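Presented below, as structure tokens, is a lone chain in the form deposited in one PDB entry.
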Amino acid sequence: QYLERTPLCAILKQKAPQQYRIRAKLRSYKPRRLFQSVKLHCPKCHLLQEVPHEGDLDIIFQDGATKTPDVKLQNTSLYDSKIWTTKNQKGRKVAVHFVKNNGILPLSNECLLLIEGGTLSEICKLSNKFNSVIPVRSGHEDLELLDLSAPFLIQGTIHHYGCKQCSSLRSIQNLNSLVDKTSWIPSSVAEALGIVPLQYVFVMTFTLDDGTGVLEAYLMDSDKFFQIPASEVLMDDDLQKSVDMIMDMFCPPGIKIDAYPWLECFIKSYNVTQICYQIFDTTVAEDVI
């Protein structure tokens, strides 16, 4: 009834901060390599970070595999422990600690594992069969998180990371403080360990063109715009294909801007200290499938 759209030339003549309903074509976007759009964002200190690569994680886990699991830290009231020996793996030993709920192991799909000496591959397989996995190491008096460079919790396809700056890391026995040992809410796990969890976000820079003007607008969101969770996309091939196809739909390489579809959205202007713009309250995924 009252749907009206502001031309870009109008927006560029105005002062920030304001909000605008627009319609424009995506002339171009960054990043060209779409995997680089997935960033980690601390809600506490507002820092943006890269997600560690496979190679980075492999280094950490292999380095963990050089250390011998401490027998003193095995089979507590919190968890049952099992050690596997290996062959042709530099004498590696894997410890899996099965976390109990009130002195009883729950069903596998509700059971949290703590692992010493496991590979990323093994951890990811364990995460399919169990509720979740925390990579750990044998500290002086308790099990401790392996490294904040690696995920503090792998649950399903989500690799949860914590902020190195804002976190005050606490040892594994502090998981006793969780209300149950069957739900394993990531934020609750983080709080128990003194971890400030990082948030996954899609960060992109869109160059929008409606034929009256041109404007650079940022995308920054977790799951609204694509209706694809940024927390899952890096570990899910189908969700990656969806992001590829959506970007290919709005800004197909090679062909001319005349043929592109229109992007209906809101943008907010704001003062950095120059005026920047950012998409908000917008999804492409409600009308596209």
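Numbers for residues come from their place in the sequence shown, where the first is 1. Superpose the two forms; the largest set of C-alphas matching within 1.5 Å is the rigid core.
Same protein, other form: the form deposited in another entry, not shown, and the subject of what follows.
Novice: Looking at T205, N174, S187, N75, which has a Cα shift of 2 angstroms or more between the shown form and the other one when the rigid core is held fixed?
Specialist: The displaced C-alpha is that of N75.
Novice: Once both forms sit on the same rigid core, is the C-alpha displacement of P31 at or above 2 Å between the shown form and the other one?
Specialist: After core superposition, the C-alpha of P31 moves less than 2 Å between the shown form and the other one.
Novice: Specify closer or farther for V136 and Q74: how their Cα atoms are spaced in the other form versus the shown form, given a shift of 3 angstroms or more.
Specialist: Residues separate in the other form, at least 3 Å farther apart.
Novice: What direction does the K72-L193 Cα distance move in the other form compared with the shown chain, closer or farther, given a change of 3 Å or more?
Specialist: Closer is correct, given that in the other form the C-alpha spacing of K72 to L193 is reduced by at least 3 Å.
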